[PDB]
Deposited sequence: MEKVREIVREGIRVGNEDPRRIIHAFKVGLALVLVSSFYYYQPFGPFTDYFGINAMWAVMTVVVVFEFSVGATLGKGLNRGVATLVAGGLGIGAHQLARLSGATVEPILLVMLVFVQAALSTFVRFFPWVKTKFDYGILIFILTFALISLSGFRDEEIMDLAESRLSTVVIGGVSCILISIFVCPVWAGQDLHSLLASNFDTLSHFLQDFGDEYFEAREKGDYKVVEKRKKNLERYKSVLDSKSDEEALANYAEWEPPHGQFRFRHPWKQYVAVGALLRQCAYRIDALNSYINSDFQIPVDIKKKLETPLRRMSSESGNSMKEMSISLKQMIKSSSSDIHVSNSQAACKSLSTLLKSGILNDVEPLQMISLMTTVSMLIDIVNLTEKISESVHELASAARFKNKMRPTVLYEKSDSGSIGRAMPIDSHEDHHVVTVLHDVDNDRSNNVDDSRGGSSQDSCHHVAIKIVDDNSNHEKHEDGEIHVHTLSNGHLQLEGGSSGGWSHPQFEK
């Protein structure tokens, strides 16, 4: 009975982290019922249905095409539809050639053509372009050519089979797409947008928490978590952003998201944020070591380091708010100029020769932190310019 407890608790947490999952679990059932209902109560023209498997194929298309996002279902349905169309054409042509050839060489020719085409398509499925965008199209191309060839039917029977398969794929796909767009849309573009903004926010949190924690049993573990987990999640999220970018490319335009929305720039800014995460990770690893410098030697540089960290955090926070609000912002300029000024002041403080009296190992550690922080500052400057460019060339509301 205990595993029943564990599975129901896992269900509870998965549902509570996200409700759109439950609403999608209901949307799939609604699509199935709508499609199935369509066949039982023939709406306007009782379709011929020569083979007796139209309903089977409609339900199969609906179960396979319907995915979480809107870009996912639109892409899967469009690949499946276009591949079925072209491959049905090619299959009818191959069957006509097979018939025209002769009597006994017909199975030989059909099997040879299936071989050649499946081989060429399986090879093409390895290209990078195809692998990222139209993969599921080519699996269906092979499926359909092999269906219309290797299934033993006669000529007119083959023409009817191809038409039936195409019409059923179109109906299943359109039903899936309409219910996914019009009931409770999960746009992948907005999921990518929110993920980018959330990443910005976690980085700001760490920068402020560092400015505080650097110069100072259970609460130790909680603060260790509140430091580690956030940037450590930014680090391990390359594939999620890369996938949401494709899905978002597939989508139609909707509110505040115009026709040419640059998702590749979103992924570029994500890459810059990942570099910041590398540096922040080095900083954190130097926080959680045992060999820590005595406090006052850090406090002798406590002023500019605290100023630098705080201003970087505030600049990142303003960029996150400017992305959540979908408006061009110009506070990041002030918040990054302050950090450049703090870098210059730290430079002229180091020039004055204050660290001349400390043992050089403490110098190792202290200049390590100073170097990582200066690199973080330069990186936030670059990120500020890049986000400004994205917001310009994605047509944000110039109101500010």
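Stretches of the deposited sequence left without coordinates are 217-221, 406-509, in sequence order.
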